[PDB]
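Notes to accompany the following structure.
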Amino acid sequence: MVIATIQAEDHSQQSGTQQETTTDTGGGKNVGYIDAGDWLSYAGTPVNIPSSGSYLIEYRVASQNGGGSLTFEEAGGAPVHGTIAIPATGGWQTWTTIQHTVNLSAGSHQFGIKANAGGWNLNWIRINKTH
Ligand SMILES: OC[C@H]1O[C@@H](O[C@H]2[C@H](O)[C@@H](O)[C@H](O[C@@H]3[C@@H](O)[C@H](O[C@H]4[C@H](O)[C@@H](O)[C@H](O)O[C@@H]4CO)O[C@H](CO)[C@H]3O)O[C@@H]2CO)[C@H](O)[C@@H](O)[C@@H]1O
Ligand SMILES: [Ca+2]
Ligand SMILES: [Ca+2]
Ligand SMILES: [Cl-]
Numbered sequence: 001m002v003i004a005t006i007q008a009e010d011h012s013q014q015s016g017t018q019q020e021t022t023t024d025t026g027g028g029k030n031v032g033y034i035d036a037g038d039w040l041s042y043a044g045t046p047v048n049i050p051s052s053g054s055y056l057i058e059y060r061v062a063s064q065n066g067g068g069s070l071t072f073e074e075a076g077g078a079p080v081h082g083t084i085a086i087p088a089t090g091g092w093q094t095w096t097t098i099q100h101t102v103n104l105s106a107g108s109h110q111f112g113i114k115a116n117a118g119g120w121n122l123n124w125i126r127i128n129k130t131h
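First residue of the sequence shown? That's 1 in our numbering, and the numbers climb one at a time after it.
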């Protein structure tokens with residue numbers, strides 16, 4: 001089941017990005033202007049992970065030219081949970097949902113996202129239990 005949908009713009013701390021209106025389905029905002037080394041923290045909204053095992057993490061992303069990469073991690077930078085490439089969608093507001101599985105320990109987590117490479121926008125993240 002879905003543990004949580006986290007809107008990208010609901011970060012508690014960030015470095016180097018900016019919010020903008022999104023035209024994706026449902027409206028609201030996206031995080032843009034993401035460059036290599038930029039980061040977002042969700043430490044202000046802890047997410048309880050009910051059991052140790054596999055979780056499918058989904059990212060609602062847009063990218064004009066491609067080349068982007070992110071790491072899904074614990075806020076602060078360690079441990080790291082996984083990395084995923086962001087494909088080109090051909091527009092800054094042409095959206096798609098990408099997916100990877102990570103393995104998480106049970107308990108209270110504070111998540112963060114680090115941009116390894118830029119060129120992508122983020123609308124929201126969804127964390128799913130798949131074990
Ligand atoms: O890897 C070496 C390179 O590091 C670059 O700087 C990194 C830095 O080493 C790394 O620790 C940092 O991780 C951030 C982390 O600082 C930040 O912590 C937040 C926290 O989430 C927030 O809740 C709290 O309020 O404030 C903290 C900041 O004081 O969390 C994010 C998300 O988890 C982490 O990615 O990131 C830096 C930038 O990439 C150097 O710039 C480079 O010179 C060096 O070679
Ligand atoms: Ca930036
Ligand atoms: Ca959003
Ligand atoms: Cl970059």
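Even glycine gets a Cβ: it sits at the ideal position worked out from N, Cα and C.
**Message:** With distance defined between alpha-carbon atoms, name the residue in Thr97, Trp124 and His109 nearest to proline 79.
**Reply:** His109
**Request:** Can you give me the Cβ contacts of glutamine 19 inside the same chain, cut-off strictly under 8 Å, excluding the 5 residues immediately before and after it?
**Result:** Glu9, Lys29, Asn30, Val31 and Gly32
**Per DSSP, cross-strand counterpart(s) of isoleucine 86** = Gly68
**Prompt:** Should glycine 28 be counted as a contact of ligand 4 given a C-beta to heavy atom distance under 7 Å?
**Reply:** no
**Request:** Count the CB pairs spanning the segment 110-130 and the segment 31-51 that are closer than 8 Å, and state whether there are at least three.
**Result:** yes
**Message:** Can you look up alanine 115 in the DSSP assignment and give me helix, strand or coil?
**Reply:** strand
**Nearest to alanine 88 (by Cα), restricted to the options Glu73, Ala62 and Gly77** = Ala62
**Prompt:** DSSP state of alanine 75, grouped into three classes?
**Reply:** coil
**Message:** Please report the straight-line C-alpha distance between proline 50 and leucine 56, rounded to a whole angstrom.
**Reply:** 14 Å
**Message:** Can you tell me which residues form a DSSP beta bridge with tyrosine 55?
**Reply:** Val102 and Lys129
**Message:** Does chain D have any CB closer than 8 Å to the CB of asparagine 123?
**Reply:** In the structure shown, chain D does not exist; there is a single protein chain.
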